[PDB]
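Structure record follows, encoded as structure tokens.
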Amino acid sequence: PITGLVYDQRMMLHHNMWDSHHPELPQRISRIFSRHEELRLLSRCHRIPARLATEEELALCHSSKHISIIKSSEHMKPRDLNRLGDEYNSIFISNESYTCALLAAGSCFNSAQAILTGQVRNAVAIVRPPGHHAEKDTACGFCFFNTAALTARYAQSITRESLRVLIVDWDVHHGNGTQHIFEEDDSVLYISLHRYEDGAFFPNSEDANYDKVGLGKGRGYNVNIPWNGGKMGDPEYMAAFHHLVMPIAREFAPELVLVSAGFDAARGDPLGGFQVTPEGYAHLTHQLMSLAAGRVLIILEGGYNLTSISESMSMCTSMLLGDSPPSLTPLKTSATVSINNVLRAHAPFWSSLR
Ligand SMILES: CC(C)S(=O)(=O)N(Cc1ccc(C(=O)NO)cc1)Cc1cccnc1
Ligand SMILES: [K+]
Ligand SMILES: [K+]
Ligand SMILES: [Zn+2]
């Protein structure tokens with residue numbers, strides 16, 4: 001049983017020319033990589049090479065217009081970059097951004113390919129910029145292309161169209177792009193846990209509420225677990241996994257699991273306001289490893305405390321490598337309210353919840 005790891009320092013080249021201390025820092029990925037070396041986890045993994053996604057691969061999820069405009073930013077002047085970035089919600093762009101986004105996606109494709117051809121059992125992808133806010137037609141929230149959604153379609157392209165892919169998104173933010181890309185799709189089950197605050201928390205849309213269950217043939221295949229009123233942490237995430245994520249996932253029986261693994265719900269994050277611990281993330285990973293015969297790919301999304309994300313992701317990798325889960329406040333009442341609302345919304349579609 002081999003664990004893959006992909007990391008390429010040149011994904012650090014994407015940078016914010018106007019605000020060099022912007023939290024989506026180049027050093028997010030180098031710090032996570034360094035922590036893996038420091039804990040002697042890196043030598044335990046098989047290194048999977050990074051590569052650039054192709055434009056044809058991007059078209060698995062994105063429109064030609066969106067691909068073309070982001071592609072053009074490689075040769076734009078500073079004023080062009082500033083004006084283009086300001087067309088989107090929370091985007092900065094440098095001449096290196098497009099290539100870095102291609103590298104993030106291609107890294108994840110090579111990891112999925114290694115899992116699906118049996119070269120490795122599981123894998124971790126230390127990549128930036130993130131992806132889960134990117135839509136078919138637009139960039140958003142530090143994300144240019146939807147790396148995880150692309151990886152799910154890439155996986156289908158090298159196996160069969162109907163390959164069952166579970167995406168668990170534990171970034172503190174709702175993956176609006178991933179939900180929308182697969183909203184009418186029953187072959188990809190999207191489960192997101194996120195700070196919601198009745199629609200007041202970024203990305204500020206009631207699309208993230210529990211009553212959005214999917215559309216068309218995707219009804220039931222979109223599971224939003226939204227948190228309101230409380231600094232959620234390990235007890236709340238474990239409860240959501242016990243009552244919702246794991247029962248639904250087991251019934252879906254995925255053949256591949258992708259984790260949109262932001263670490264912005266971590267204790268110490270400057271934006272998320274939550275308190276999931278590294279041991280908490282380790283337990284969530286270990287639970288997911290019971291699915292899909294262990295074929296799990298962990299993809300970095302957000303997370304902005306360099307120390308917290310490095311400790312948290314490296315512990316997930318420890319779990320992928322087969323290490324025993326480390327040992328873990330009273331459950332917050334508000335979290336149980338959210339869990340019960342999701343249970344009511346999804347009981348029609350999942351017998352394991354009845
Ligand atoms: C408006 C900006 C100054 S902002 O930086 O504060 N911000 C933009 C932002 C977008 C996406 C992510 C992410 O991690 N997605 O997965 C993080 C931040 C709004 C905000 C605020 C408070 C908590 N969360 C998001
Ligand atoms: K999420
Ligand atoms: K779906
Ligand atoms: Zn986030």
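Below, each value reflects all heavy atoms present in this structure, side chains not excepted, and no hydrogens, waters or symmetry copies. Note that the numbering runs from 1 along the sequence shown for the chain. Order of listing sets the numbers, starting from 1, for every ligand and every atom in it.
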task: Have a look at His173 and say which of its N, O or S atoms is nearest the K ion (ligand 2).
output: O

- request: Could you pull out the atom name of the N/O/S atom in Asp171 that is nearest the K ion (ligand 2)?
  value: O

message: Could you check whether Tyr196 and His174 have their ring centres less than 6.0 Å apart?
response: no

- prompt: What about the rings of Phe263 and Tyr281, do their centers lie closer together than 6.0 Å?
  reply: yes

query: Can you name the N/O/S atom of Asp264 that is nearest the Zn ion (ligand 4)?
result: OD2

query: Tell me, which N, O or S atom in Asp171 is closest to the Zn ion (ligand 4)?
result: OD1

query: What pair of heavy atoms forms the shortest contact from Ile67 to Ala59, and how long is it?
result: CD1-N, 3.7 Å

task: Give the minimum heavy-atom separation between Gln179 and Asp207, together with the two atoms involved.
output: NE2-O, 3.0 Å

message: Please evaluate residues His66 and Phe145 with respect to the criterion ring-ring contact (aromatic ring centres under 6.0 Å, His included), reporting the C-alpha separation (whole Å), side-chain torsions for both, the decisive distance (0.1 Å), and the verdict.
response: CA-CA 9 Å; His66 178 58; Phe145 306 120; 5.4 Å; yes

message: Please give me the protein atoms (N, O or S only) lying under 3.4 Å from the K ion (ligand 3), ordered by chain and number.
response: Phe182 O, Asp185 O, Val188 O, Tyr221 O

- prompt: Of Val259, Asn122, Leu116, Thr151, which is the lone residue that meets side chain to side chain contact (heavy atoms under 4.5 Å, CB included) with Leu297?
  reply: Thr151

- prompt: Given atoms O of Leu193 and O of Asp169, what angle do they subtend at the K ion (ligand 2), to the nearest 10 degrees?
  reply: 80°

Side-chain donor-acceptor pair under 3.5 Å between [X] and [Y], yes or no?
X: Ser192; Y: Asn224; value: no
X: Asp323; Y: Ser318; value: yes
X: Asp269; Y: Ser308; value: no

- request: Examine all N, O or S atoms of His173, backbone included, and report whether one is under 2.8 Å from the Zn ion (ligand 4).
  value: yes

query: Is the Zn ion (ligand 4) less than 2.8 Å from at least one N/O/S atom of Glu301?
result: no

- prompt: Strictly under 3.4 Å, is any N, O or S atom of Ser192 next to the K ion (ligand 2)?
  reply: yes

- request: Report the C-alpha separation of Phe274 and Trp170 in whole Å, then their side-chain angles, then the decisive distance to 0.1 Å, and conclude whether the ring-ring contact (aromatic ring centres under 6.0 Å, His included) test is met.
  value: CA-CA 12 Å; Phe274 275 10; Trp170 71 41; over 10 Å; no

